[PDB]
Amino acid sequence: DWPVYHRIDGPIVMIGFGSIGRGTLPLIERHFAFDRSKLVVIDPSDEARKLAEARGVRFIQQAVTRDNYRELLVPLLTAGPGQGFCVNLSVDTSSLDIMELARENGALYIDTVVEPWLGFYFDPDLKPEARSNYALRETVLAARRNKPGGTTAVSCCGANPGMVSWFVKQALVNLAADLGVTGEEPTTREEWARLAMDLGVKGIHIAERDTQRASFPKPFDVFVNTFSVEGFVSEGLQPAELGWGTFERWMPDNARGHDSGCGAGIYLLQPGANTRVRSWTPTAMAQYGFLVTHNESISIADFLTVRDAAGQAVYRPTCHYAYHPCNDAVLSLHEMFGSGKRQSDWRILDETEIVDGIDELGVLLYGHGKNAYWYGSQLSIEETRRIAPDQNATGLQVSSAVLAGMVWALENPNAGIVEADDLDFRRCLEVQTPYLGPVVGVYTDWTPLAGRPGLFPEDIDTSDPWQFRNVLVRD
C-alpha cells in the first residue's frame, strides 16, 4: 500500500547506476506510474550493467561525455509522448550542461551535486578558488539569472545537500515554538532569513555521524565508504569551505573570500577531508567532524542572509559540514592522507556487509537562547532493510530525498532552476519521512569550549563559545 504520487508521461533517463542510482530506481518504480519501457539507465560500468540486467531495466553502457551528451540525451529525453525526467546520479558529468540541455528540451531534471565534466577537479591550471563548490554553485545561479522560469530543474537535492535544507526550516519553526513564539510561519526567503536572525541563530553545522560497521575488518590499501568513494575523495580534496556568518570575528590566515557571487562563502587553502572541527550529535555526543565542502554550506547561508536597503548583508549564519564518517572511512582517510595518494582499490559497503549502525544526519543550530538544537534523521540499517531494498542507510536518506524532489518537480513543473532551499519543505518531508526512521529534535548544553582550555595554552574566545575560532581544530 505504498502511495503512487504522480504519473510520468515521458521517458525517465537515469544517468549513473552506482550506490545512489541503485537505491533510487526501486523508489521510482514504487512511487510513480509509467510504462516499464520508458525508463532507461546509462552507466559505463560492467558491474552496473549486470545489476540492471538482473532488475530487468533498460541499460545503455556508455559514459556521458562533453562530446556525446547532446547526441545521446536529446533523443532519449524527447522520446515522448510528454514530459520526461532526467535523474542525474552520476560522477564525472557536468550537472550544469545536462541541466541546461534538459531544460532546452522541456524535460524535468534533478541531481544531488554540482558536478563538473571529467578532468576538472585535478586540473593543475585551476586555482583553489576555482575548485570550490561556491564557484560551481555560481554557475547554476548565473544560468538561472540568464533564463528565469521555464521547466523545473532541481539542483543538489540529495540528503546533504538537499534534505538538510528542509531540516533547517523545520528546526527554525521548532525553535520558535519551543520559545513560545506562535503564528506566522515564514513563506518567503526574506521571512525565513529574518526568523533565523530574530531567533539569534549564529550558525549551523551539518552534524552527521555514520556508525555503520562492516562484517569484515578494513583491508589494508583499500578505501572503504558507505557511498561513492570517488565522489567522497573528490570532495574531500576540494578546499575546506563554509558559509560565513556575520557574528564571526576571526578566520585563519589561510582563509580566503570571493570577489564575486552571492557573498556568503569562504574557503581554506587546505583539503576539507583533512580539516577537523569540534561538533556534536545526539548519538556521538561531542566528536570531531571533517570540514568537507558541500553545496548546502553556501546555499543555506545565502538563503538565510538578511540585507539592508543598500544591499549589504547585516545578518548571515555560519554554515558548514561537520562530518564523522563510518569507522572504516575514518581509517581510510588516515591511510590516504598519510600515504599521500589514493589507495589502489576501493569498495562501498553493501547492506549485506553491514552488521549494524545508523546514519545520524541532522542540522545543529547554535547561538540562540537554548544554546544548540540538533534536528534530523537517525535511520538504522535494520529499518532500511525492512522498507527499501538495494541500499544501506546512507543511500536511503539520499534516494528518498531524490524521490521527494521528483515529486515536487512533477507537482511544480514550471518553477525554473531551483535549489533545495526553494522547494516546499513540508511537502518534501511528507514524501521523504517514511524513509528517514526516527526524526527528532534534541537540545544540548555542549559548546566547543566544553573542557577548555586544557593543559596547553590555546587561542580561544571565551566570550562567544561558538566562534569558528573555537570550533576549528588547530595546533
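So that there is no doubt, residue numbering starts at 1 and follows the sequence shown.
According to the deposited model, is the average Cα temperature factor higher in 137-145 or in 307-315? Here the higher of the two C-alpha B-factor means belongs to 307-315.
Read off the CA B-factors in the entry, average them over 345-353 and over 359-367, and name the higher stretch. The stretch with the larger average C-alpha B-factor is 345-353.
I'd like to know which of 320, 169, 202, 249 has the highest C-alpha temperature factor in the PDB entry. Reading the PDB entry, the winner on C-alpha B-factor is 249.
By the entry's C-alpha temperature factors, tell me which of 302, 208, 198, 129 sits highest. Among 302, 208, 198, 129, the highest C-alpha B-factor in the entry belongs to 129.
Taking the values exactly as deposited, rank residue 10 by C-alpha B-factor within its chain and report the matching third: lowest, middle or highest. As the PDB entry reports it, the C-alpha B-factor of residue 10 lands in the highest third of its chain.
Classify residue 16 as lowest, middle or highest third according to the C-alpha B-factor given in the PDB entry, relative to its own chain. Answer is lowest: the recorded C-alpha B-factor places it there.
Considering only modelled residues of the same chain, in which third does the CA B-factor of residue 215 rank: lowest, middle or highest? Top third by C-alpha B-factor.
Quick check for you: using the entry's CA B-factors within this chain, is residue 90 in the lowest, middle or highest third? According to the entry, residue 90 has a C-alpha B-factor in the chain's middle third.
Would the CA B-factor of residue 435 place it in the lowest, middle or highest third of its chain? Lowest third.
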